[PDB]
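Q: The structure that follows is given in the form of structure tokens.
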There are 2 protein chains.
Amino acid sequence: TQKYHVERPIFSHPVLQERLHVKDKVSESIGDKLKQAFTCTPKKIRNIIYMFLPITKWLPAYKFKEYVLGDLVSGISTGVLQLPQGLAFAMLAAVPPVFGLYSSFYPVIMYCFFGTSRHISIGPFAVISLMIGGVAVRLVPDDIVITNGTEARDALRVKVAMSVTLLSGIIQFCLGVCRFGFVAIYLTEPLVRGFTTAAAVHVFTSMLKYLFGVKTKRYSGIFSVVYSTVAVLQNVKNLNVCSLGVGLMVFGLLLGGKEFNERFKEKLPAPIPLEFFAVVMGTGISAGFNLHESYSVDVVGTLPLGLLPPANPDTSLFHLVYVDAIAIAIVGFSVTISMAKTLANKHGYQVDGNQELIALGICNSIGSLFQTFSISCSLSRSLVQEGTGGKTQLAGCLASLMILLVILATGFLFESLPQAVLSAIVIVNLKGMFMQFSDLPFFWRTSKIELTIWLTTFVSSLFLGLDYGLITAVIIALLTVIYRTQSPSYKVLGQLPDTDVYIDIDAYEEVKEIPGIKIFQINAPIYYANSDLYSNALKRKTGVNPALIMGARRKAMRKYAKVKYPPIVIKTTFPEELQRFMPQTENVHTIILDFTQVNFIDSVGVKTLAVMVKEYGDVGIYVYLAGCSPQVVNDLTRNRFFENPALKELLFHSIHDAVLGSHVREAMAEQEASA
Amino acid sequence: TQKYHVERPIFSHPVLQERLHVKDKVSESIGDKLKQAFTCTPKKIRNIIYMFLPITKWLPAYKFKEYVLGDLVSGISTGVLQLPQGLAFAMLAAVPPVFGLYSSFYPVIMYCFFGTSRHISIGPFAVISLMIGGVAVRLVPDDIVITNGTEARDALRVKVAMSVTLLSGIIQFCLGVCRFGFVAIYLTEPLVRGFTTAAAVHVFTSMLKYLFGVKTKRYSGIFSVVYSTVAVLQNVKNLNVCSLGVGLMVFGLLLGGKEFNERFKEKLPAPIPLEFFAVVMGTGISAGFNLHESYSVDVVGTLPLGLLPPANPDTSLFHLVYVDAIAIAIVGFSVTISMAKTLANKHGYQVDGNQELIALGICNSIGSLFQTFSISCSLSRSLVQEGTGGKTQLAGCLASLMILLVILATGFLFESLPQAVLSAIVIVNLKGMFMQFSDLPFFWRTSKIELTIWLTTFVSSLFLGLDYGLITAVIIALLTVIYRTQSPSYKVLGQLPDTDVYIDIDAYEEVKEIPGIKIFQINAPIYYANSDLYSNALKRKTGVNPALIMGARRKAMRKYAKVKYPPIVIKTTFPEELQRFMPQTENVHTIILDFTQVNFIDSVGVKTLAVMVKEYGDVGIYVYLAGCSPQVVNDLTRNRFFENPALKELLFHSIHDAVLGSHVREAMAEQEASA
């Protein structure tokens, strides 16, 4: 074997630098980058087309042998779940459900043409629908001045909804083309899991009132979940029993069917789309028993059979829906990129945030001309597509084809459909995300920092609106790194004999401390927020406090009473007469602070290091720096730390190098004192 | 000399760990900390008294020999500047100036008894006065229903001012006693410099309208500076010429006097208090020439001579001044701790944020009973106290004594005092902070990160209210560390022969790369926000892209066409027949990623590292980890990275250790292939 044997001299900073020569520093200029990426080679243009327009990329990669059956099953299940869930979001958004039908067909195909993620399901989303409904209510109130019909009111509501949807689409496209979308590098896996869980709880609390069959005022904004829950709880007295009863029966039936599908996962060739049987039996019972006026239950109502021509929305209303459209676009992009990243990490591939944002923005912008409200990623549909075995985006295309087949022919069958059934089917297909709470014990016993980031994201995202909840979750997520820096290892370390290794004294029982040597290590980049903490930790853990040493020297003195710079370290001037009565200690001649684990030095860090070196020299203690990175040396010579040229020799390439240099200097001092 | 000579075996993780034994892990329990700090020794109680009540600490340390003359001069100058500046803040706060006189005497003495900083000047501050005036206007408008006097209106204004001041004092005390104040570890030196500069510009723009002798509506809140400047500019047409003229003459006189004092700093024994001569000549000219009705200029008015008894403020109004008092307390504490830290770093000592907050809160709370509005640190007075040679807080006591001597006897002399003179003297004594702009070129050519943090703090603190401006300046200040992490060194490094040193290949011209070895180093803690960046940088800079290698192998294949886990690294299975037509490269057998510079590993980092190792093994490339810190090894074994026990041997204590281990494994493989 090749034994670890090296014979080199000491490599402090001056003696190492005198053996090295500076580069020629090859020219890396702005013009060199500028002329590149403009030659317009066929490969470059093909790559640009592939990145911007990805449908032409993976269609030749599609394989008929092993993808067709899975894609067909996934598309069938996606359409089956997309019908009533889309209707539910539509009737939640204070618009007729036919507009939800439009918003379930065009955007999916447009995202298939332009989107990157191949496993998420695109369509209407809950909190987007709540925002749209709140905007429409704020513009067009419940009572407006135009028998006693509401067609004009619904027309005004859909006009303002289309206006805010188009504004959100344009601003999303503008953000995407302006290279915004790098923030997808944020949104940590606990963070996105907590965000999706909070969104799920928001959907549950939003559709709880629709399950109960009670109509109340809609709440949008901060503290929306608690206000909605209070509104539901205050109106439980005014309740209908038959709608709640049928909702509970369909709830139990769907829960039993899902448990049966999970229990018999090995037996059936594919999971049967029980969500279609559920809705068809629900509408059959509603039509047969005629609950719409016998019990006066809420019904989704008549469904037009049309494919209305494109229309230009109302631009003039953009002036009042600035912040609303901004919030809608931010939340939609965040949810879409969150679910895309989650599914990509689940499978193994990757998604592009910029491409997702551009595709979503242009999709919303074009679909707004098609009388469709704002879209996002449907989390429940995305998980069920992942579970059933989705592999491509053509499952969404099949879902859109099924939606179209319903619209043109089957649309009049759902006129007698209770909204409680839609609410309950949304809850049962959303119950699959409440199993994402299983990471809480997965994070408690394992990396509690992920636990607290998950809790912070979930709390700030549930009890507060998503548009500010996610930005504050990201803020505390990134300040978590700051906190982790502010609590370093702070370990004093020695060495075990006849080795280069230097390990914590409280680690392994044979790393004997070198007598007279104290080595302090920090696992932090020692910037302003922890420079004083580092100084205090060094003064405490190593047991060498310069202020305490000076105080002890002064009290011993009073007890016994009855350009050229000065040297950094002054020798002890107290004679043996005064030194007879002293609190004698180990009297370490040097302390070395290795900088192998630091990343950079801040200006406050430079000042703290300089004053530390000055204080220890005033006491009479040499201070050496071990293993400073070239960036750290650059940050030191950047400031006025190296104004005194007699500080370049306090720098050492390694801890062992610093220890050996201290030993050599001690031997030289002893030889000079003797000889 | 002691040459660096070591003879030790290879120290990969298993062979190193088998030579070490785990601790007994001495008991560090909660109860051990709990019983400590409750024995109530005389030293402990004395230290608690010293920390909470510091006036008893440094009074015995006061020396009559070298402090008396400097303290007397500093106190004289502080009182001289405190008189008209305090009057100006009072008449800006929509309250009679006598209340500013009260707010210039009691709080200074109370802070002397309780405050820690020994060089800052305590009194009224501008933006605090703007907030108080805005609150008083919002509660009591300009036109209220109670000849045609305003004494009742002024009484209501001072009542609401005292109420909000007391609320700010109580909440400041509550924050201080609740150990809040650790945020003083933030507020970097560029950040506090920019904050003070923005505050100075706010004072200038606020008192510009008072210099012009025009009365407009007061603006408080976000974008206050631009609104105030627009209000001043729109009313330059409605102007008086005599007040502006006398303001310009006193401006020029004070500028000339300050330049003369600076030019003759060596000659005079002490800088003469020209601010007293200025105000006395101004009020003498105002009384003699009688401008109050000849030119109808603004006059500070009659000044009562009283020491009014303590009164209880209006508690019931607390319900409406929540956010206002919160902002006032936050801004006051921030300014005080900022100037305290700046002066402490200028001199060398340190200040306690918690003690400063407690002292300020209790000072404001008690002084609110004395008909005084909210206080803070006066920046201009603090700098002039620092410059004149302040050493103790008794200079503030002398300033308060001078203010009292003015109140009881000399108070009726300032009845005929134009407000333009007060505005101009504030500007001339505030011009000393506009020299703090000199750090902009000190930061451009030196550590541009400090430049951008300074610019961010100044912009967010000037063009936006201080209460949110400072919190957002802190937010971007702490995200600056995140950005600095997201742009690591990203250097591929080799070694120079016969040494342990490993240095960047683009550094010094003799660090020859070991053939078949690629070493990648990151100066970042490789968490979620830069894991993908690290992977891309490794795949790009080292020229080894596993996806590209697999693609090249597949294209060569198509060209030539006409629990027990599997081993991590699979041997190349392509025969020599297919290997004849290949894009042959260096074919590095290993790549080693040293973790000496990283601080921790995130869960996303663990996943990225695992998938990286898997991909490189699939290609057939060994991956080793060099110099992982014990925290990094703990973070790796924390996750499921070490589920496969054949990954513990990819860990090495040093880069040279990993290189030698790779060499030994290559030699063993060659020996096995041959023999």
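Chain identifiers are assigned as A, B, and so on, following the order in which chains appear in the structure tokens; residues are numbered from 1 within each chain, and ligands are numbered from 1 in order of appearance.
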As a ChimeraX atom specification, could you give me every residue of chain B near chain A (at most 7 Å apart, counting only C-alpha atoms)?
A: /B:1-10,20-23,185-186,188,446,498-499,507-509,523-524,528-529,596-599,638,660,664
Q: Write out as a PyMOL selection string the set of residues from range 533-649 of chain B that DSSP, computed on the backbone, places in alpha helix (DSSP H).
A: chain B and resi 533-541+546-560+576-579+603-619+630-638
Q: Excluding same-chain residues fewer than 2 positions from residue 359 in chain B, what lies within 10 Å of it counting only C-alpha atoms, as number ranges by chain?
A: B: 52-53, 110-116, 169, 172-173, 176, 353-357, 361-365
Q: What lies within 10 Å of residue 339 in chain A using only C-alpha atoms, ignoring chain neighbours under 2 positions off, as a JSON list (two decimals) with N, CA and C atoms, in the first residue's frame?
A:
```json
[["chain", "number", "residue", "atom", "x", "y", "z"],
["A", 117, "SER", "N", -43.74, 20.24, -16.92],
["A", 117, "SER", "CA", -44.04, 19.12, -16.03],
["A", 117, "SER", "C", -44.97, 18.14, -16.72],
["A", 119, "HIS", "N", -46.42, 15.35, -15.12],
["A", 119, "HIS", "CA", -47.22, 14.56, -14.19],
["A", 119, "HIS", "C", -48.23, 15.37, -13.39],
["A", 120, "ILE", "N", -48.22, 16.70, -13.47],
["A", 120, "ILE", "CA", -49.17, 17.52, -12.73],
["A", 120, "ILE", "C", -50.43, 17.68, -13.56],
["A", 121, "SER", "N", -51.55, 17.92, -12.89],
["A", 121, "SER", "CA", -52.82, 18.15, -13.55],
["A", 121, "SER", "C", -53.17, 19.63, -13.47],
["A", 192, "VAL", "N", -42.46, 23.12, 0.58],
["A", 192, "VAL", "CA", -43.52, 22.86, -0.39],
["A", 192, "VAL", "C", -44.54, 21.87, 0.17],
["A", 193, "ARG", "N", -44.09, 20.90, 0.97],
["A", 193, "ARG", "CA", -45.02, 19.98, 1.59],
["A", 193, "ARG", "C", -45.97, 20.71, 2.54],
["A", 195, "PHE", "N", -46.71, 23.91, 2.42],
["A", 195, "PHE", "CA", -47.55, 24.79, 1.61],
["A", 195, "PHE", "C", -48.72, 24.03, 1.00],
["A", 196, "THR", "N", -48.46, 22.84, 0.45],
["A", 196, "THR", "CA", -49.53, 22.04, -0.13],
["A", 196, "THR", "C", -50.51, 21.58, 0.94],
["A", 334, "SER", "N", -46.77, 29.70, -7.80],
["A", 334, "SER", "CA", -46.16, 29.03, -6.67],
["A", 334, "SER", "C", -46.70, 27.61, -6.51],
["A", 335, "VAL", "N", -48.02, 27.46, -6.61],
["A", 335, "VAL", "CA", -48.63, 26.14, -6.47],
["A", 335, "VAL", "C", -48.19, 25.22, -7.61],
["A", 336, "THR", "N", -48.19, 25.74, -8.84],
["A", 336, "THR", "CA", -47.81, 24.92, -9.99],
["A", 336, "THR", "C", -46.36, 24.45, -9.88],
["A", 337, "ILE", "N", -45.44, 25.37, -9.57],
["A", 337, "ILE", "CA", -44.04, 24.99, -9.47],
["A", 337, "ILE", "C", -43.80, 24.10, -8.26],
["A", 341, "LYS", "N", -42.25, 20.45, -8.78],
["A", 341, "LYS", "CA", -41.01, 20.04, -8.12],
["A", 341, "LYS", "C", -41.22, 18.81, -7.25],
["A", 342, "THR", "N", -42.36, 18.74, -6.56],
["A", 342, "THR", "CA", -42.64, 17.57, -5.72],
["A", 342, "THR", "C", -42.72, 16.30, -6.56],
["A", 343, "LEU", "N", -43.45, 16.35, -7.67],
["A", 343, "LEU", "CA", -43.57, 15.16, -8.51],
["A", 343, "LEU", "C", -42.27, 14.84, -9.23],
["A", 344, "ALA", "N", -41.49, 15.86, -9.62],
["A", 344, "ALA", "CA", -40.20, 15.61, -10.25],
["A", 344, "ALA", "C", -39.24, 14.92, -9.28],
["A", 345, "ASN", "N", -39.21, 15.37, -8.02],
["A", 345, "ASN", "CA", -38.38, 14.70, -7.03],
["A", 345, "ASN", "C", -38.91, 13.31, -6.72],
["A", 377, "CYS", "N", -52.32, 24.52, -10.66],
["A", 377, "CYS", "CA", -52.21, 23.07, -10.57],
["A", 377, "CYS", "C", -53.17, 22.54, -9.51],
["A", 378, "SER", "N", -54.00, 21.57, -9.90],
["A", 378, "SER", "CA", -54.90, 20.92, -8.95],
["A", 378, "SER", "C", -54.12, 19.84, -8.21],
["A", 379, "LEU", "N", -53.97, 20.01, -6.90],
["A", 379, "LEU", "CA", -53.11, 19.13, -6.12],
["A", 379, "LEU", "C", -53.68, 17.72, -6.03],
["A", 382, "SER", "N", -53.41, 16.04, -9.29],
["A", 382, "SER", "CA", -52.02, 15.72, -9.58],
["A", 382, "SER", "C", -51.57, 14.47, -8.83],
["A", 383, "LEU", "N", -51.93, 14.35, -7.55],
["A", 383, "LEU", "CA", -51.58, 13.13, -6.82],
["A", 383, "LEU", "C", -52.28, 11.91, -7.38]]
```
Q: Mind checking which residues fall within 12 Å of residue 552 in chain A, counting only C-alpha atoms, ignoring those fewer than 2 positions away in the same chain, and posting them as an MDAnalysis selection string?
A: chainID A and resid 545:550 554:559 578:579 581:585 619
Q: Could you tell me how far CA of residue 539 in chain A sits from CA of residue 612 in chain A, in Å to one decimal place?
A: 9.9 Å
Q: Leaving out residue 426 in chain A and any residue of its chain fewer than 6 positions from it, which residues lie within 9 Å of it when counting only C-alpha atoms, given as a ChimeraX atom specification?
A: /A:81,84-85,88,203-204,207,380
Q: Could you write out that same residue set with C-alpha atoms as an mmCIF file, in the first residue's frame?
A:
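The resulting file, result16.cif, is reproduced below:
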```cif
data_model
loop_
_atom_site.group_PDB
_atom_site.id
_atom_site.type_symbol
_atom_site.label_atom_id
_atom_site.label_comp_id
_atom_site.auth_asym_id
_atom_site.auth_seq_id
_atom_site.Cartn_x
_atom_site.Cartn_y
_atom_site.Cartn_z
ATOM 1 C CA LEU A 81 -62.036 13.653 -11.235
ATOM 2 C CA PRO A 84 -67.069 17.461 -10.639
ATOM 3 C CA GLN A 85 -64.054 19.116 -9.006
ATOM 4 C CA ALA A 88 -67.208 22.746 -7.738
ATOM 5 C CA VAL A 203 -59.859 23.865 0.380
ATOM 6 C CA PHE A 204 -61.430 21.756 3.135
ATOM 7 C CA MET A 207 -65.937 23.693 0.867
ATOM 8 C CA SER A 380 -55.598 16.294 -5.620
#
```
Q: Could you state the separation of CA of residue 474 in chain A and CA of residue 460 in chain A in Å, given to one decimal place?
A: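 Interatomic distance here is 10.1 Å.
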Q: Could you name the residues that touch residue 420 in chain A at 8 Å or less, counting only C-alpha atoms, but leaving out those on the same chain fewer than 4 positions away, as a list in words?
A: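 That gives residues 210, 211, 212, 213, 243, 244, 246, 247, 298 and 424 of chain A.
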Q: Taking the DSSP secondary structure from the backbone, can you list the residues of range 289-507 of chain A that are strand (DSSP E or B), as a count of residues only?
A: 13
Q: For each of A:590, A:394, A:265, A:454, take the minimum atom-to-atom distance to residue 59 in chain A, counting only C-alpha atoms, then give the residue where this is smallest.
A: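 Checking each of A:590, A:394, A:265, A:454 against residue 59 in chain A, counting only C-alpha atoms, the winner is A:394.
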